[PDB]
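Only one chain is included here, represented as structure tokens and corresponding to the form deposited in one PDB entry.
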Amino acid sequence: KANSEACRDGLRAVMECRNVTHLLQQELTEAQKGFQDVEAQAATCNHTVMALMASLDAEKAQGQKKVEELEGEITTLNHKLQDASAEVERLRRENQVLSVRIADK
């Protein structure tokens, strides 16, 4: 009489359990998505890190090769200037002689 009734409740609790493992199953699939995206993300991050260092190195090399070029320029000009100041001195001193010789005759 109230044996059908207890069985019933019994079956209800079992049925709640079934539905519930149902959500469980799916949320597990999301947990799986999570780790898989994390793997994808870390992979990209590997990619990025070998490329980062490489990029830095490249930049450095470039800057360097384009610096020892520039300071070869700087000294070259210092020389030329050193020389043109020399010509200037040669010419000042020489001109005086010529003008003194001119007063003399």
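Shifts are known only where both forms have a C-alpha. Between two forms, the rigid core is the largest collection of C-alphas that superpose within 1.5 Å. All residue numbers refer to positions in the sequence shown, first residue = 1.
Keep in mind that the form deposited in another entry is missing from the display, and what follows is about it.
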Original post:
After the core is overlaid between this form and the one not shown, has the C-alpha of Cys45 moved by 2 angstroms or more?
Top reply: yes
**OP:** Classify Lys60 as shifted (yes) or not shifted (no) between this form and the one not shown, where shifted means its C-alpha moves by 2 Å or more with the rigid core superposed.
**Re:** yes
Subject >> Moved residue ranges in sequence order between this form and the one not shown, Cα 2 Å or more, at least 3 long, core fit >> reply: 38-65
